[PDB]
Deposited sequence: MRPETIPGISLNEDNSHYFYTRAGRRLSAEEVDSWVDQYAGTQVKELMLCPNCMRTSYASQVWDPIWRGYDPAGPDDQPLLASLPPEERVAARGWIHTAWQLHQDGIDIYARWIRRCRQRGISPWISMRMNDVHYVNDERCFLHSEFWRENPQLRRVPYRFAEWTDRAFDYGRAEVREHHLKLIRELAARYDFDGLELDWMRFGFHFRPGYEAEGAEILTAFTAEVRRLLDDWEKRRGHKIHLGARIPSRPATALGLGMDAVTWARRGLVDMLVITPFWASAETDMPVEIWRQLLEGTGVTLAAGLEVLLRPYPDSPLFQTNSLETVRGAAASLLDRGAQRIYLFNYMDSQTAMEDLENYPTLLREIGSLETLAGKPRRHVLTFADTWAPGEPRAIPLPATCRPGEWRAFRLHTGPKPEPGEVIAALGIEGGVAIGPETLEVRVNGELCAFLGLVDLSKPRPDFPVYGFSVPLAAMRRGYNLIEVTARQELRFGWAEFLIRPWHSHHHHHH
């Protein structure tokens, strides 16, 4: 079966377990929820601009920390009073584990290997959370002291504006120092260069030179791990997270076809940044690009599910919507489903009771088969600077005009019900819309009470004749008698 790669971020475990002395036994139990599922690999993130373990070459999260002191101390001063409580949870929990001689990543790796999971280290290569606050606890003293090493000096409109420029040798050396320590300190099966935090690593306009620079950096990483294979006596993998379309990937200085062909990486994770999980990604094109290279292609899901970038909705995926994306992507040739931000609490799916069910279904077409699923239209949140953007929603239809929406619904539906659903933003009757799926007339059903995630405007349901649906993309065509704007579209498949 393809199976699941699940990412545990750098902060979550420390935020959620704060205020309790953690025993080695408890730390170990975290790995156990993942045993005997479709999870093949845990990607354990130990860093932002700072480490959550006791690094000797970077700043740990607790550098500057007074354990005994009040919340209002120099490290937390720049935060509002209530946000210091959460930040100090992370800082104090990670500190107290060090004090107790517990290395969390050393214990998780060891427990993974007992429970038949492959343990990975995922490194955040260029995290910029809260760089609007130059005094923030989670920035490195290296970032604070070296404003000249940033990507964009002439403006500050986005956090990525203040990310590090890997065009600079001092910047590449800074990140290679952590990878050198991480190789030494931890015997992991694989290192995953998480380029997708936050995906922007070069001066605007120098991305072509950047592609050469990143390919050369990757080669140095692979050479280092080749040396640790001998010391460690087992193969060590190298993977990377990159954008969802191949033109955007190259446009952000990530030429992965070259990394693959030169044998530098053996896994690639195509993924959005954050704003929504892309239900539509061109997997088939990447498979053709990567033919013969021995690289596993993983399709990355994010937790949010949102219809367009300006939407005020911030709801997460549900078991049904993840079943929809999983079936789609596996059908298109994904060799792994990768879950970022699907954790056991706080940053997680809102229907959390379904978590164990999810970890045992979405890694295979046979386990998803004949279970209800939802294929929601969304959008690509990440484009190279000045690259034309393609955003389906929202969509206006004037009187007598036609609008089409293609949605990837993966395997041909089993015997059962198929609904096409359309949310209208801003007053329709049953004859205002004519809806066809693959040419075929769909019967009006009336208003549909959607489970979360759902818009906050009316959703109208159309009955699709079962035999209309095909394998892969499905085409919703509509014409309106009155001017309307669409803000949501999905297929629901219910055997």
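TODO: In sequence order, name the stretches of the deposited sequence that have no C-alpha in these coordinates.
DONE: Deposited residues absent from the model fall in 1-5, 432-433, 503-511.
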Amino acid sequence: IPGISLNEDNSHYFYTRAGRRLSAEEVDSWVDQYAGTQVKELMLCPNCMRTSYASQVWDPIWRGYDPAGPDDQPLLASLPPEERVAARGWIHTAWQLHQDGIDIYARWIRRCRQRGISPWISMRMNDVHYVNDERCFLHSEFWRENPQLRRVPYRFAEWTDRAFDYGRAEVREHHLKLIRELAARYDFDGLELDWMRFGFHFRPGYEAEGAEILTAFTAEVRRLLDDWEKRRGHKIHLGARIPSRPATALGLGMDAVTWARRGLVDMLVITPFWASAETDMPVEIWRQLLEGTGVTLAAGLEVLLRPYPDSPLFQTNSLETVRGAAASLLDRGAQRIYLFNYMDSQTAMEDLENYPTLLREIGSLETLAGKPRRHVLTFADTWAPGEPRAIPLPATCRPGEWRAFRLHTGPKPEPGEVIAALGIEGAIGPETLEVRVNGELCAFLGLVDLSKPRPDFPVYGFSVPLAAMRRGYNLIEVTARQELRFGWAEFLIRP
From here on, numbers count along this sequence of modelled residues.
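- [ ] Look over 26-34 and 44-52 in the entry and identify the one with the greater average Cα temperature factor.
- [x] Stretch with the higher mean C-alpha B-factor: 26-34.
TODO: Could you settle it for me: does 400-408 or 365-373 have the higher average Cα B factor in the PDB entry?
DONE: Looking at the recorded C-alpha B-factors, 365-373 comes out higher on average.
Task: C-alpha B-factor winner, where the candidates are 101, 386, 246, 210 - done: Of the candidates given, the C-alpha B-factor peaks at 101.
Task: Candidate set 226, 194, 344, 255 [ranked by C-alpha B-factor, highest] - done: Highest CA B-factor of the listed options: 226.
- [ ] Select lowest, middle or highest to describe the third in which the CA B-factor of residue 61 falls within its chain in this entry.
- [x] Tercile = lowest for this residue's CA B-factor.
Task: Assigned third (lowest, middle, highest) for the C-alpha B factor of residue 148 - done: It falls in the middle third of the chain.
- [ ] Would you mind checking where the Cα B-factor of residue 302 ranks among the modelled residues of its chain, as the lowest, middle or highest third?
- [x] Within its chain, residue 302 is a lowest-third residue by C-alpha B-factor, going by the deposited values.
Open item on the list: How does the C-alpha B factor of residue 392 compare with the rest of the chain: lowest, middle or highest third?
Closed with: For residue 392, whose C-alpha B-factor we compare with every modelled residue in the chain, the answer is the lowest third.
Open item on the list: Considering every modelled residue of the chain and its Cα B-factor in the PDB entry, is residue 6 in the lowest, middle or highest third?
Closed with: Within its chain, residue 6 is a lowest-third residue by C-alpha B-factor, going by the deposited values.
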